[PDB]
>>> print(open('start_34.pdb').read())   # PDB, C-alpha atoms
ATOM      1  CA  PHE P   1     259.458 354.746  74.123
ATOM      2  CA  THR P   2     262.610 353.042  75.367
ATOM      3  CA  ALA P   3     265.971 353.229  73.647
ATOM      4  CA  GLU P   4     265.885 349.504  72.843
ATOM      5  CA  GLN P   5     262.392 349.781  71.341
ATOM      6  CA  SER P   6     263.524 352.728  69.232
ATOM      7  CA  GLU P   7     266.597 350.786  68.140
ATOM      8  CA  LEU P   8     264.442 347.859  67.013
ATOM      9  CA  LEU P   9     261.950 350.171  65.295
ATOM     10  CA  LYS P  10     264.622 351.702  63.065
ATOM     11  CA  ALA P  11     266.114 348.280  62.310
ATOM     12  CA  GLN P  12     262.626 347.119  61.221
ATOM     13  CA  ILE P  13     261.848 350.195  59.085
ATOM     14  CA  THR P  14     265.248 349.917  57.393
ATOM     15  CA  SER P  15     264.820 346.185  56.798
ATOM     16  CA  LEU P  16     261.362 346.752  55.302
ATOM     17  CA  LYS P  17     262.829 349.369  52.950
ATOM     18  CA  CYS P  18     265.755 347.144  51.980
ATOM     19  CA  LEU P  19     263.334 344.269  51.375
ATOM     20  CA  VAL P  20     260.870 346.205  49.216
ATOM     21  CA  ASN P  21     263.800 347.719  47.253
ATOM     22  CA  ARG P  22     265.445 344.282  46.735
ATOM     23  CA  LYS P  23     268.496 345.561  48.654
ATOM     24  CA  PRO P  24     270.429 343.498  51.205
ATOM     25  CA  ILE P  25     269.700 344.312  54.826
ATOM     26  CA  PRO P  26     272.928 345.565  56.428
ATOM     27  CA  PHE P  27     274.032 343.029  59.015
ATOM     28  CA  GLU P  28     273.681 345.327  62.040
ATOM     29  CA  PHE P  29     269.912 345.395  61.632
ATOM     30  CA  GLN P  30     269.568 341.627  61.191
ATOM     31  CA  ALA P  31     271.317 341.235  64.552
ATOM     32  CA  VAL P  32     268.992 343.774  66.188
ATOM     33  CA  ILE P  33     266.050 341.764  64.856
ATOM     34  CA  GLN P  34     267.566 338.424  65.916
ATOM     35  CA  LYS P  35     268.065 339.856  69.414
ATOM     36  CA  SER P  36     264.376 340.834  69.437
ATOM     37  CA  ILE P  37     263.366 337.292  68.509
ATOM     38  CA  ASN P  38     265.479 335.746  71.265
ATOM     39  CA  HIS P  39     264.152 338.086  73.981
ATOM     40  CA  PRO P  40     260.351 338.137  73.596
ATOM     41  CA  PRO P  41     258.071 340.264  75.822
ATOM     42  CA  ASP P  42     256.430 338.750  78.897
ATOM     43  CA  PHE P  43     253.377 337.218  77.240
ATOM     44  CA  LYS P  44     252.357 335.734  80.634
ATOM     45  CA  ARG P  45     251.611 338.999  82.429
ATOM     46  CA  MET P  46     249.862 340.051  79.225
ATOM     47  CA  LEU P  47     247.613 337.046  79.918
ATOM     48  CA  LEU P  48     246.810 338.185  83.463
ATOM     49  CA  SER P  49     245.394 341.166  81.541
TER      50      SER P  49
ATOM     51  CA  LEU F   1     245.562 346.077  87.352
ATOM     52  CA  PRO F   2     247.304 347.051  84.084
ATOM     53  CA  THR F   3     247.536 350.806  83.650
ATOM     54  CA  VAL F   4     246.906 352.530  80.339
ATOM     55  CA  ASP F   5     250.642 353.062  80.104
ATOM     56  CA  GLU F   6     251.330 349.357  80.647
ATOM     57  CA  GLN F   7     248.658 348.365  78.102
ATOM     58  CA  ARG F   8     250.290 350.720  75.615
ATOM     59  CA  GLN F   9     253.753 349.303  76.306
ATOM     60  CA  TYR F  10     252.426 345.749  75.879
ATOM     61  CA  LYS F  11     250.847 346.657  72.531
ATOM     62  CA  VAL F  12     254.094 348.180  71.246
ATOM     63  CA  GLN F  13     256.227 345.283  72.492
ATOM     64  CA  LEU F  14     253.975 342.662  70.891
ATOM     65  CA  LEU F  15     253.752 344.461  67.547
ATOM     66  CA  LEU F  16     257.564 344.872  67.526
ATOM     67  CA  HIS F  17     258.150 341.224  68.416
ATOM     68  CA  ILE F  18     255.717 339.978  65.737
ATOM     69  CA  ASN F  19     257.428 342.249  63.206
ATOM     70  CA  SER F  20     260.811 340.701  64.036
ATOM     71  CA  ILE F  21     259.417 337.194  63.436
ATOM     72  CA  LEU F  22     257.692 338.291  60.208
ATOM     73  CA  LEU F  23     260.870 339.977  58.952
ATOM     74  CA  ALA F  24     263.015 336.967  59.873
ATOM     75  CA  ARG F  25     260.586 334.694  57.988
ATOM     76  CA  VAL F  26     260.776 336.944  54.921
ATOM     77  CA  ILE F  27     264.586 336.817  54.962
ATOM     78  CA  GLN F  28     264.327 333.003  55.102
ATOM     79  CA  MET F  29     261.819 332.758  52.236
ATOM     80  CA  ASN F  30     263.708 335.312  50.163
ATOM     81  CA  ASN F  31     266.992 333.389  50.472
ATOM     82  CA  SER F  32     264.965 330.311  49.559
ATOM     83  CA  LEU F  33     263.359 332.022  46.549
ATOM     84  CA  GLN F  34     266.745 333.244  45.314
ATOM     85  CA  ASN F  35     268.307 329.765  45.553
ATOM     86  CA  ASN F  36     265.256 328.263  43.863
ATOM     87  CA  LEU F  37     265.436 330.752  40.982
ATOM     88  CA  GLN F  38     269.155 330.020  40.548
ATOM     89  CA  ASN F  39     269.082 326.247  40.895
ATOM     90  CA  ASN F  40     265.739 325.002  39.534
ATOM     91  CA  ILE F  41     264.530 324.245  35.993
ATOM     92  CA  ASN F  42     261.544 325.497  33.975
ATOM     93  CA  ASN F  43     261.103 328.459  36.264
ATOM     94  CA  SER F  44     258.679 329.923  33.712
ATOM     95  CA  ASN F  45     256.259 327.188  34.787
ATOM     96  CA  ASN F  46     256.996 326.861  38.525
ATOM     97  CA  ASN F  47     254.007 327.632  40.741
ATOM     98  CA  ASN F  48     256.208 327.486  43.861
ATOM     99  CA  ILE F  49     258.006 330.655  42.749
ATOM    100  CA  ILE F  50     254.807 332.699  42.508
ATOM    101  CA  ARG F  51     253.421 331.311  45.762
ATOM    102  CA  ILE F  52     256.566 332.296  47.694
ATOM    103  CA  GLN F  53     256.419 335.838  46.281
ATOM    104  CA  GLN F  54     252.750 336.053  47.261
ATOM    105  CA  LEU F  55     253.562 334.748  50.737
ATOM    106  CA  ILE F  56     256.383 337.291  51.156
ATOM    107  CA  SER F  57     253.899 339.993  50.154
ATOM    108  CA  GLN F  58     251.481 338.849  52.907
ATOM    109  CA  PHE F  59     254.255 339.024  55.501
ATOM    110  CA  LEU F  60     255.486 342.458  54.402
ATOM    111  CA  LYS F  61     251.964 343.905  54.324
ATOM    112  CA  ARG F  62     251.693 342.888  57.992
ATOM    113  CA  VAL F  63     255.076 344.447  58.866
ATOM    114  CA  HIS F  64     253.879 347.732  57.373
ATOM    115  CA  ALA F  65     250.465 347.594  59.077
ATOM    116  CA  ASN F  66     252.208 346.895  62.385
ATOM    117  CA  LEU F  67     254.778 349.687  61.880
ATOM    118  CA  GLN F  68     251.986 352.180  61.224
ATOM    119  CA  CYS F  69     250.053 351.026  64.276
ATOM    120  CA  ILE F  70     253.163 351.425  66.456
ATOM    121  CA  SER F  71     253.515 354.922  65.007
ATOM    122  CA  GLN F  72     249.892 355.782  65.816
ATOM    123  CA  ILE F  73     250.247 354.327  69.311
ATOM    124  CA  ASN F  74     253.335 356.474  69.922
ATOM    125  CA  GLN F  75     251.363 359.499  68.611
ATOM    126  CA  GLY F  76     248.570 358.950  71.163
ATOM    127  CA  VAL F  77     245.975 358.262  68.453
ATOM    128  CA  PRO F  78     242.879 356.979  70.312
ATOM    129  CA  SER F  79     241.834 353.414  69.469
ATOM    130  CA  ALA F  80     244.803 352.764  67.176
ATOM    131  CA  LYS F  81     244.494 349.208  65.857
ATOM    132  CA  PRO F  82     246.477 347.195  63.289
ATOM    133  CA  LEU F  83     244.709 347.052  59.946
ATOM    134  CA  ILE F  84     245.510 343.305  59.791
ATOM    135  CA  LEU F  85     244.912 341.082  62.817
ATOM    136  CA  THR F  86     245.228 337.682  61.160
ATOM    137  CA  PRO F  87     248.374 335.643  60.644
ATOM    138  CA  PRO F  88     249.690 335.171  57.098
ATOM    139  CA  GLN F  89     248.222 332.322  55.048
ATOM    140  CA  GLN F  90     252.577 324.875  67.098
ATOM    141  CA  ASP F  91     253.248 327.816  64.785
ATOM    142  CA  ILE F  92     254.335 330.716  66.978
ATOM    143  CA  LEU F  93     253.214 333.464  64.554
ATOM    144  CA  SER F  94     249.656 332.154  64.662
ATOM    145  CA  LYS F  95     249.574 332.086  68.482
ATOM    146  CA  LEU F  96     250.957 335.637  68.605
ATOM    147  CA  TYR F  97     248.395 336.994  66.143
ATOM    148  CA  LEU F  98     245.620 335.493  68.266
ATOM    149  CA  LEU F  99     247.081 337.265  71.318
ATOM    150  CA  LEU F 100     247.397 340.444  69.232
ATOM    151  CA  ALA F 101     243.720 340.292  68.220
ATOM    152  CA  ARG F 102     242.710 339.682  71.857
ATOM    153  CA  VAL F 103     244.801 342.618  73.115
ATOM    154  CA  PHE F 104     243.145 344.979  70.651
ATOM    155  CA  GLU F 105     239.685 343.638  71.554
ATOM    156  CA  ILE F 106     240.017 343.826  75.342
ATOM    157  CA  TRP F 107     242.158 346.957  75.682
TER     158      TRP F 107
END
>>> encode(input="start_34.pdb", output="structure tokens")
Amino acid sequence: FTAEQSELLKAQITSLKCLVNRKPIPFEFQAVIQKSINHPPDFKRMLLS
Amino acid sequence: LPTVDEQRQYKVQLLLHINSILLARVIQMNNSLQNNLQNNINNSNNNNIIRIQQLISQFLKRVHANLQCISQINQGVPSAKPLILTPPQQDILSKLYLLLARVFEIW
């Protein structure tokens, strides 16, 4: 479980908490999530399957 | 020739990526709901307000289901599968949920 994956995981858990508690998501986690969006996994090799 | 370890890494990556898109969409709709509540009229009788809240609920249910599946996958739980394999409600989320369903059918 890579360091980047673990970094995204905690950003997502925190954001979910903040959301369900009607709290703002601290900006560091939004950037982690935006990074995730802009660097998607290799869906192609997943297609080779 | 995808090993079990590669399959598992693919599953985690795809669940994480879908979560990021879901979460980003919720932040968008929430900002939109907040502006709508502040700027609109007759918000006692505004169906759009309820429908956005319901939609946000659908997205957040999926984020939770995907988080728990990641957690089970990391724990080595055999045949871990997301409790929700449909998209909420050209659209990238819908293509990725189809791929998600296929991954958890074939692996």
>>> interface_residues(input="start_34.pdb", of="chain P", to="chain F", cutoff="7 Å", atoms="all atoms listed in the file", output="PyMOL selection string")
chain P and resi 33+36-37+40-41+49
>>> closest_residue(input="start_34.pdb", among="P:47, P:22, P:7, P:16", to="residue 35 (chain P)", atoms="only C-alpha atoms")
P:7
>>> closest_residue(input="start_34.pdb", among="F:5, F:38, F:69, F:29", to="residue 51 (chain F)", atoms="only C-alpha atoms")
F:29
>>> atom_distance(input="start_34.pdb", atom1="CA of residue 90 (chain F)", atom2="CA of residue 31 (chain P)")
25.0 Å
>>> atom_distance(input="start_34.pdb", atom1="CA of residue 24 (chain P)", atom2="CA of residue 93 (chain F)")
24.0 Å
>>> closest_residue(input="start_34.pdb", among="F:15, F:34, F:55, F:3", to="residue 84 (chain F)", atoms="all atoms listed in the file")
F:15
>>> atom_distance(input="start_34.pdb", atom1="CA of residue 100 (chain F)", atom2="CA of residue 25 (chain P)")
26.8 Å
>>> resolve_selection(input="start_34.pdb", expression="the PyMOL selection byres ((chain F and resi 88) around 6)", output="PyMOL selection string")
chain F and resi 58+87+89
>>> resolve_selection(input="start_34.pdb", expression="the PyMOL selection byres ((chain P and resi 15) around 8)", output="PyMOL selection string")
(chain P and resi 11-14+16-19+25+29-30) or (chain F and resi 23)
>>> decode(input="start_34.pdb", residues="region 23-49 of chain P", atoms="N, CA, C and O atoms", output="mmCIF file, in the first residue's frame")
data_model
loop_
_atom_site.group_PDB
_atom_site.id
_atom_site.type_symbol
_atom_site.label_atom_id
_atom_site.label_comp_id
_atom_site.auth_asym_id
_atom_site.auth_seq_id
_atom_site.Cartn_x
_atom_site.Cartn_y
_atom_site.Cartn_z
ATOM 1 N N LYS P 23 -18.400 20.606 7.919
ATOM 2 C CA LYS P 23 -17.150 21.306 8.162
ATOM 3 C C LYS P 23 -16.402 21.513 6.852
ATOM 4 O O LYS P 23 -16.454 20.662 5.958
ATOM 5 N N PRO P 24 -15.702 22.633 6.702
ATOM 6 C CA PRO P 24 -14.872 22.815 5.510
ATOM 7 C C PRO P 24 -13.763 21.775 5.464
ATOM 8 O O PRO P 24 -13.229 21.352 6.494
ATOM 9 N N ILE P 25 -13.418 21.360 4.251
ATOM 10 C CA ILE P 25 -12.293 20.456 4.065
ATOM 11 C C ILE P 25 -11.038 21.314 4.043
ATOM 12 O O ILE P 25 -10.911 22.196 3.177
ATOM 13 N N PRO P 26 -10.106 21.111 4.973
ATOM 14 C CA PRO P 26 -8.834 21.835 4.900
ATOM 15 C C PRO P 26 -8.232 21.706 3.509
ATOM 16 O O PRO P 26 -8.383 20.680 2.837
ATOM 17 N N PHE P 27 -7.582 22.783 3.062
ATOM 18 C CA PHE P 27 -7.163 22.887 1.669
ATOM 19 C C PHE P 27 -6.098 21.869 1.282
ATOM 20 O O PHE P 27 -5.968 21.564 0.090
ATOM 21 N N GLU P 28 -5.315 21.347 2.233
ATOM 22 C CA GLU P 28 -4.297 20.376 1.835
ATOM 23 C C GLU P 28 -4.931 19.110 1.270
ATOM 24 O O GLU P 28 -4.377 18.478 0.367
ATOM 25 N N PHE P 29 -6.088 18.728 1.783
ATOM 26 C CA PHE P 29 -6.706 17.494 1.319
ATOM 27 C C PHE P 29 -7.388 17.678 -0.024
ATOM 28 O O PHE P 29 -7.347 16.772 -0.861
ATOM 29 N N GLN P 30 -7.995 18.847 -0.263
ATOM 30 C CA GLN P 30 -8.547 19.131 -1.587
ATOM 31 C C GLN P 30 -7.480 19.001 -2.667
ATOM 32 O O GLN P 30 -7.739 18.460 -3.754
ATOM 33 N N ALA P 31 -6.270 19.488 -2.384
ATOM 34 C CA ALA P 31 -5.183 19.408 -3.354
ATOM 35 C C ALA P 31 -4.728 17.966 -3.560
ATOM 36 O O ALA P 31 -4.407 17.568 -4.683
ATOM 37 N N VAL P 32 -4.684 17.170 -2.494
ATOM 38 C CA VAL P 32 -4.385 15.747 -2.656
ATOM 39 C C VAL P 32 -5.406 15.093 -3.585
ATOM 40 O O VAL P 32 -5.059 14.320 -4.486
ATOM 41 N N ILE P 33 -6.678 15.408 -3.376
ATOM 42 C CA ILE P 33 -7.745 14.842 -4.193
ATOM 43 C C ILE P 33 -7.663 15.359 -5.628
ATOM 44 O O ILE P 33 -7.869 14.602 -6.584
ATOM 45 N N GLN P 34 -7.354 16.651 -5.809
ATOM 46 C CA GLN P 34 -7.264 17.184 -7.169
ATOM 47 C C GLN P 34 -6.087 16.567 -7.923
ATOM 48 O O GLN P 34 -6.185 16.287 -9.126
ATOM 49 N N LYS P 35 -4.976 16.332 -7.222
ATOM 50 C CA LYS P 35 -3.867 15.569 -7.786
ATOM 51 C C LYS P 35 -4.326 14.188 -8.250
ATOM 52 O O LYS P 35 -3.991 13.746 -9.355
ATOM 53 N N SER P 36 -5.084 13.483 -7.407
ATOM 54 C CA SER P 36 -5.590 12.163 -7.776
ATOM 55 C C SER P 36 -6.387 12.219 -9.074
ATOM 56 O O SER P 36 -6.228 11.371 -9.963
ATOM 57 N N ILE P 37 -7.254 13.224 -9.194
ATOM 58 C CA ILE P 37 -8.092 13.353 -10.375
ATOM 59 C C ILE P 37 -7.241 13.553 -11.620
ATOM 60 O O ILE P 37 -7.540 13.006 -12.688
ATOM 61 N N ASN P 38 -6.166 14.328 -11.508
ATOM 62 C CA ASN P 38 -5.379 14.687 -12.679
ATOM 63 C C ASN P 38 -4.335 13.646 -13.038
ATOM 64 O O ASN P 38 -3.656 13.797 -14.057
ATOM 65 N N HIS P 39 -4.205 12.590 -12.243
ATOM 66 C CA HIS P 39 -3.280 11.497 -12.517
ATOM 67 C C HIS P 39 -4.021 10.190 -12.284
ATOM 68 O O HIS P 39 -3.845 9.532 -11.248
ATOM 69 N N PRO P 40 -4.864 9.791 -13.232
ATOM 70 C CA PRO P 40 -5.695 8.588 -13.065
ATOM 71 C C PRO P 40 -4.886 7.321 -13.312
ATOM 72 O O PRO P 40 -3.862 7.373 -14.005
ATOM 73 N N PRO P 41 -5.308 6.177 -12.770
ATOM 74 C CA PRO P 41 -4.575 4.926 -13.013
ATOM 75 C C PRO P 41 -4.628 4.542 -14.487
ATOM 76 O O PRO P 41 -5.384 5.104 -15.288
ATOM 77 N N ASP P 42 -3.802 3.564 -14.853
ATOM 78 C CA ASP P 42 -3.732 3.126 -16.252
ATOM 79 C C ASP P 42 -4.897 2.194 -16.568
ATOM 80 O O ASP P 42 -4.780 0.964 -16.525
ATOM 81 N N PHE P 43 -6.032 2.798 -16.924
ATOM 82 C CA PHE P 43 -7.230 2.038 -17.248
ATOM 83 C C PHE P 43 -7.017 1.101 -18.427
ATOM 84 O O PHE P 43 -7.725 0.094 -18.520
ATOM 85 N N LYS P 44 -6.053 1.414 -19.316
ATOM 86 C CA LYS P 44 -5.787 0.596 -20.504
ATOM 87 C C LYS P 44 -5.324 -0.803 -20.132
ATOM 88 O O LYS P 44 -5.910 -1.797 -20.573
ATOM 89 N N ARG P 45 -4.214 -0.897 -19.395
ATOM 90 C CA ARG P 45 -3.724 -2.201 -18.968
ATOM 91 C C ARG P 45 -4.782 -2.946 -18.173
ATOM 92 O O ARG P 45 -4.888 -4.174 -18.280
ATOM 93 N N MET P 46 -5.584 -2.222 -17.387
ATOM 94 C CA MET P 46 -6.740 -2.844 -16.749
ATOM 95 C C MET P 46 -7.647 -3.504 -17.776
ATOM 96 O O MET P 46 -8.301 -4.511 -17.471
ATOM 97 N N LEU P 47 -7.698 -2.952 -18.996
ATOM 98 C CA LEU P 47 -8.542 -3.519 -20.046
ATOM 99 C C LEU P 47 -7.945 -4.797 -20.612
ATOM 100 O O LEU P 47 -8.681 -5.748 -20.897
ATOM 101 N N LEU P 48 -6.624 -4.817 -20.833
ATOM 102 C CA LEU P 48 -5.946 -6.057 -21.200
ATOM 103 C C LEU P 48 -6.443 -7.201 -20.317
ATOM 104 O O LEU P 48 -6.893 -8.239 -20.819
ATOM 105 N N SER P 49 -6.402 -7.000 -18.997
ATOM 106 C CA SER P 49 -7.140 -7.821 -18.030
ATOM 107 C C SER P 49 -6.709 -9.276 -18.022
ATOM 108 O O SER P 49 -7.545 -10.170 -18.136
#
